[PDB]
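Structure first, then comments.
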Amino acid sequence: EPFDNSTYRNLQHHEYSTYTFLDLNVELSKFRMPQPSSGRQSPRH
Amino acid sequence: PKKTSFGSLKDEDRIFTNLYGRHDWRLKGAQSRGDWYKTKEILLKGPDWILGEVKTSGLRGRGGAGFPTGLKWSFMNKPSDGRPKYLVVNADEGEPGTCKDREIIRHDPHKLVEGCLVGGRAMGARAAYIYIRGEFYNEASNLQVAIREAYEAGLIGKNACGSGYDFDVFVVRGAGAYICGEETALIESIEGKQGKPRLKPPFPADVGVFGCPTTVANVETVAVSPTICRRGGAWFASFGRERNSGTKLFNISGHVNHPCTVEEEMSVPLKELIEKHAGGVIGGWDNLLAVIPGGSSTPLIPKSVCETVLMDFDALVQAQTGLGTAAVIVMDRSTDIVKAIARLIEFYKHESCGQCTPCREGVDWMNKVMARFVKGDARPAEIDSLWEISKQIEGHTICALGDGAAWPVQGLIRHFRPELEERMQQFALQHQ
Amino acid sequence: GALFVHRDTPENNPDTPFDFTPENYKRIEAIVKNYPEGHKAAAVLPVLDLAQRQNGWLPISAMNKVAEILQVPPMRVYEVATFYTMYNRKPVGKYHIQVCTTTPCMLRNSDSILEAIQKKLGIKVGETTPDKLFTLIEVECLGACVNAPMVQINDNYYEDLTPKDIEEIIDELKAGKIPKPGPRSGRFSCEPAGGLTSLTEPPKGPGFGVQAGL
Amino acid sequence: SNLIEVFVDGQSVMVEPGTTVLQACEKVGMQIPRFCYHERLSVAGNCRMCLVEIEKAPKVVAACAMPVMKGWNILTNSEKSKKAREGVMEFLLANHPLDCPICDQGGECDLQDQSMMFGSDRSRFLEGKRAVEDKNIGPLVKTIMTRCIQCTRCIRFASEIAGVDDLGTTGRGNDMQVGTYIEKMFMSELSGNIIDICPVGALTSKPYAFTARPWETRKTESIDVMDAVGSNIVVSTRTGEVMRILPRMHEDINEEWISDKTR
Ligand SMILES: Cc1cc2nc3c(=O)[nH]c(=O)nc-3n(C[C@H](O)[C@H](O)[C@H](O)COP(=O)(O)O)c2cc1C
Ligand code: SF4
Ligand code: SF4
Ligand code: SF4
Ligand code: FES
Ligand code: FES
Ligand SMILES: [K+]
């Protein structure tokens, strides 16, 4: 409310884990959409 | 009519309002700071309108180059060809002296997300691949937290902001390579192979990631893009000199009393920016020996030139250097300039991907030569030999890392040849 | 040194026991799903990183397992592993002490912090503590140039460091307490060390100088 | 109906769109110096010796991968192109090991010949050269990897022509080495062809090792009889004794490859 410019609030990164990035990427997948397909399952296929 | 002394940017007209994390970096604080506001209107206006207003804003590539962002982005306004279209935001931030991108990612990630959205709509991209470096794990996690917040809010994903557009923002993490900052090297790094840059007879607008058309932009430009759309192109055009408009995140470090990062308007006096935002050079302006304007790639400049130099691309180009990434690196009179430049050459040697011959063999040779120079183990002829080697490296490499390693050597020679000569003479007399 | 030729050892051999935990497998499949169909090799860099997180370092068995799970020739995996620096092809300590020594960060006496690390741990650059806790290695620029000489430990950045603060950090790591990430003096992240030369007025809210049409 | 006119040293040549600068130069007769470009393998563009000058263009383009466009005049013998070739070859010859008397490629080495023609006559390298540990890939190809110029031609040949993806690179910078990392012999019916592919003595024929010099062997063209493909070969014999079998280009039978049972 009083525009407390004097403090830092981006301290949420302190309580992060080893898998935090990948774990937070995991459940984010259900909000994604079907990826495009190039046909063959691999360039070598 | 036209501003003469381009400087002292006002707080009201600043793209990034949360540089130092003084406000909530989540969706709530971003909306409080004007972010994610009226995005649907920009989405529905039309890609051509966004591209035209970007051209009107005169935005130049804020990632190290100086290409007009409008022209580069409009290179993708071609019709569909079956292949998907991709926008990629470079967040490698490997150039020494650069600190802006980390700050925007970890303090204003929602501006970055809205930038990917508006850019992808302007260029018709289906998804965004923000390539952050491997070290920035906390920054990447914060960015992905903001991405999840936006996904839940419905701003991105299927029916992005209700405009019928379908966009995704994947964040691929790097693995500790400076060459990955190169756009084609970044493309292969995303594709799974090594970070070797690709030759450019084909361009990313034609062939990019996975072979589909891709366009690599920088964190700063995409971050300012939604603000460019909202406030207006002419509002951006007001700041800075002609063809050198906009505001930039200057990262001031080296031997500055208070090294920091400030969002200052373009074509700013270097002395004024150093004195006010940074606090001046340690020991005053008289104690300044050299200034590296925009990171390791940009050649250094001596204090006599530093007295009066505007901080736009063209002004520093006339100063036989480049704006680069606006990475101010000040070195005082107590600095061994030879040692610092040799350390930069060592960094470039350690970061060369080794693909093409001039960078793989040439940069290592320059590293050895500069290592001998620091101890003065040479003769006056090897200074000209080093100049010739640097010229041979220039314009002969696949990517611009060869030129970015040759330029510091050229600047050091051009502005401190007497220092090398005298150090060599001292070593010669000592070895008697 | 870091020789880029894998010589078979009794510890680092293709028969070295390695696998992926089921949660790690779910993370792998999500990562693979995050790429276009038919270009699964694009997931090689993150997947390998996962093999690091659950193993600390990357044994050659992990290399082959990544190749199998990504249907990619093992040579490409070996190439991407030897190319990128963060992948530890050799066993490493619990706390990877990476000290930046590029020009912007050496200019503010990073050598003092490096020597403080050497003295506190009794370990020269490039070795691991005998109790397998710290590994002091030298790195190029890590992105926090405006900050004073910083040090990277596994996943955390520590900026604005002075030998005493890093003595505290090291002996606090020895005691299991994780030091607070961020500069170890004053400044929160990147503001001017003196005060605040910008962003003093409250930022303007939704709608400010917005173009009429929009 | 689609041919575009391009200029090579002023001469006007009709080239099909998509033609690279190197092929356009070859049409006239000029053979642009190259190490990493093989007409059978993919284009790489890392050797940087095909750097040729395009008129009204302040940048030496890579003729091995640059597609020509209308109105280009390729100045093959321009001073800028000659200086670019000299600099690139100085870079190549900097860390090369002084093995010419002990290297079997001596007398038929691409590096030696291009140095004789497109290159300086001295060196300004007054430092210590690099050295790379040798790698074993079987009993057919002897590898002295310190002579490798990292043209990655063997890697591309193994990936595409041979199919097996066991050759590649390791590391970056001056220390990035071409090999197999882990110990694995490059075993294929077309393996020995890498000996031909390598422009330097890094990959050499083990049975032929230290047996004869290229300038003294008489070449007699013949037809292989091992398999039924009938690949055309060149028997190089000296003193009335067969020394080695090399492939001969036919573009229908065997392209320019032979099997290991033929070599
Ligand atoms: C060696 C090298 C490193 C680079 N590193 C970065 C980087 O860290 N961040 C970045 O945005 N651009 C970087 N670039 C520039 C990109 O290759 C590319 O030109 C730019 O990102 C395009 O976007 P822009 O026009 O907005 O700058 C680098 C270029 C080179 C040659
Ligand atoms: S200049 Fe260096 S980093 Fe760039 S492609 Fe050539 S070898 Fe790789
Ligand atoms: S490869 Fe060529 S230059 Fe190298 S040692 Fe052999 S003959 Fe000499
Ligand atoms: S071994 Fe020979 S073919 Fe392979 S990269 Fe080296 S020089 Fe080229
Ligand atoms: S120079 Fe030390 S972090 Fe960039
Ligand atoms: S032949 Fe064109 S660069 Fe190697
Ligand atoms: K050979």
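Within each chain, counting starts at residue 1; across the structure tokens, chains are named A, B, ... in the order shown, with ligands numbered 1 upward in that order.
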
**Message:** If the limit is 12 Å from any atom of ligand 6, counting only C-alpha atoms and all ligand atoms, which residues qualify? Return them as a PyMOL selection string.
**Reply:** (chain B and resi 198-199+201+355-358+396-398) or (chain D and resi 20-23+31-39+41-52+60-67+84-85+88-89+92+149-153+199)

**Prompt:** What's the 10 Å shell around residue 196 of chain D, counting only C-alpha atoms, without same-chain residues fewer than 5 positions away, as a PyMOL selection string?
**Reply:** chain D and resi 154+201+203-205+246-247+256-257

**Item:** Counting only C-alpha atoms, chain A residues within 6 Å of chain C, as number ranges by chain
**Value:** A: 26, 35-38, 40-42

Please produce a file of those selected residues containing C-alpha atoms, as a short mmCIF file (atom, residue, chain, number, x, y, z; two decimals), in the first residue's frame.
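The resulting file, part.cif, is shown below:
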data_model
loop_
_atom_site.label_atom_id
_atom_site.label_comp_id
_atom_site.auth_asym_id
_atom_site.auth_seq_id
_atom_site.Cartn_x
_atom_site.Cartn_y
_atom_site.Cartn_z
CA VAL A 26 5.98 -31.31 -15.95
CA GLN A 35 2.98 -30.44 -31.04
CA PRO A 36 3.32 -30.46 -34.84
CA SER A 37 4.48 -33.66 -36.52
CA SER A 38 7.01 -33.84 -39.35
CA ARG A 40 8.66 -39.76 -39.89
CA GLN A 41 9.31 -40.49 -36.22
CA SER A 42 12.98 -39.52 -36.67
#

Produce a table with one row for each residue of chain B that has an atom at most 10 Å from any atom of chain D, each row naming the nearest atom pair and its distance in Å at one decimal; use only C-alpha atoms; arrange rows by chain and rising residue number; format as JSON lines.
{"residue": "B:177", "atom": "CA", "partner": "D:172", "partner_atom": "CA", "distance": 9.9}
{"residue": "B:194", "atom": "CA", "partner": "D:172", "partner_atom": "CA", "distance": 9.5}
{"residue": "B:195", "atom": "CA", "partner": "D:172", "partner_atom": "CA", "distance": 9.5}
{"residue": "B:196", "atom": "CA", "partner": "D:172", "partner_atom": "CA", "distance": 9.1}
{"residue": "B:198", "atom": "CA", "partner": "D:45", "partner_atom": "CA", "distance": 8.8}
{"residue": "B:199", "atom": "CA", "partner": "D:45", "partner_atom": "CA", "distance": 7.1}
{"residue": "B:200", "atom": "CA", "partner": "D:66", "partner_atom": "CA", "distance": 8.4}
{"residue": "B:201", "atom": "CA", "partner": "D:66", "partner_atom": "CA", "distance": 5.5}
{"residue": "B:202", "atom": "CA", "partner": "D:66", "partner_atom": "CA", "distance": 8.8}
{"residue": "B:348", "atom": "CA", "partner": "D:173", "partner_atom": "CA", "distance": 9.2}
{"residue": "B:349", "atom": "CA", "partner": "D:173", "partner_atom": "CA", "distance": 6.5}
{"residue": "B:350", "atom": "CA", "partner": "D:173", "partner_atom": "CA", "distance": 6.5}
{"residue": "B:351", "atom": "CA", "partner": "D:173", "partner_atom": "CA", "distance": 6.9}
{"residue": "B:352", "atom": "CA", "partner": "D:173", "partner_atom": "CA", "distance": 4.8}
{"residue": "B:353", "atom": "CA", "partner": "D:172", "partner_atom": "CA", "distance": 4.7}
{"residue": "B:354", "atom": "CA", "partner": "D:173", "partner_atom": "CA", "distance": 4.1}
{"residue": "B:355", "atom": "CA", "partner": "D:46", "partner_atom": "CA", "distance": 5.7}
{"residue": "B:356", "atom": "CA", "partner": "D:46", "partner_atom": "CA", "distance": 4.2}
{"residue": "B:357", "atom": "CA", "partner": "D:47", "partner_atom": "CA", "distance": 5.8}
{"residue": "B:358", "atom": "CA", "partner": "D:91", "partner_atom": "CA", "distance": 6.3}
{"residue": "B:359", "atom": "CA", "partner": "D:173", "partner_atom": "CA", "distance": 7.9}
{"residue": "B:360", "atom": "CA", "partner": "D:174", "partner_atom": "CA", "distance": 5.2}
{"residue": "B:361", "atom": "CA", "partner": "D:91", "partner_atom": "CA", "distance": 5.7}
{"residue": "B:362", "atom": "CA", "partner": "D:91", "partner_atom": "CA", "distance": 6.0}
{"residue": "B:363", "atom": "CA", "partner": "D:174", "partner_atom": "CA", "distance": 8.7}
{"residue": "B:364", "atom": "CA", "partner": "D:174", "partner_atom": "CA", "distance": 6.8}
{"residue": "B:365", "atom": "CA", "partner": "D:125", "partner_atom": "CA", "distance": 8.3}
{"residue": "B:368", "atom": "CA", "partner": "D:127", "partner_atom": "CA", "distance": 7.5}
{"residue": "B:369", "atom": "CA", "partner": "D:127", "partner_atom": "CA", "distance": 8.3}
{"residue": "B:372", "atom": "CA", "partner": "D:127", "partner_atom": "CA", "distance": 9.7}
{"residue": "B:382", "atom": "CA", "partner": "D:124", "partner_atom": "CA", "distance": 8.9}
{"residue": "B:385", "atom": "CA", "partner": "D:124", "partner_atom": "CA", "distance": 7.7}
{"residue": "B:386", "atom": "CA", "partner": "D:124", "partner_atom": "CA", "distance": 10.0}
{"residue": "B:388", "atom": "CA", "partner": "D:87", "partner_atom": "CA", "distance": 9.0}
{"residue": "B:389", "atom": "CA", "partner": "D:87", "partner_atom": "CA", "distance": 7.7}
{"residue": "B:391", "atom": "CA", "partner": "D:87", "partner_atom": "CA", "distance": 9.0}
{"residue": "B:392", "atom": "CA", "partner": "D:87", "partner_atom": "CA", "distance": 5.5}
{"residue": "B:393", "atom": "CA", "partner": "D:87", "partner_atom": "CA", "distance": 8.0}
{"residue": "B:394", "atom": "CA", "partner": "D:59", "partner_atom": "CA", "distance": 9.9}
{"residue": "B:395", "atom": "CA", "partner": "D:59", "partner_atom": "CA", "distance": 6.5}
{"residue": "B:396", "atom": "CA", "partner": "D:60", "partner_atom": "CA", "distance": 7.0}
{"residue": "B:397", "atom": "CA", "partner": "D:48", "partner_atom": "CA", "distance": 7.5}
{"residue": "B:398", "atom": "CA", "partner": "D:46", "partner_atom": "CA", "distance": 7.4}

**Request:** Return as an NGL selection string the residues of protein, DNA or RNA that approach ligand 7 to within 12 Å, with only C-alpha atoms and all ligand atoms taken into account.
**Result:** :D and (35 or 103-111 or 141-145 or 147-149 or 151 or 153-154 or 192-206 or 208-209 or 214 or 246)

**Message:** Tell me as a count of residues only which residues belonging to chain C come within 12 Å of chain D, counting only C-alpha atoms.
**Reply:** 32
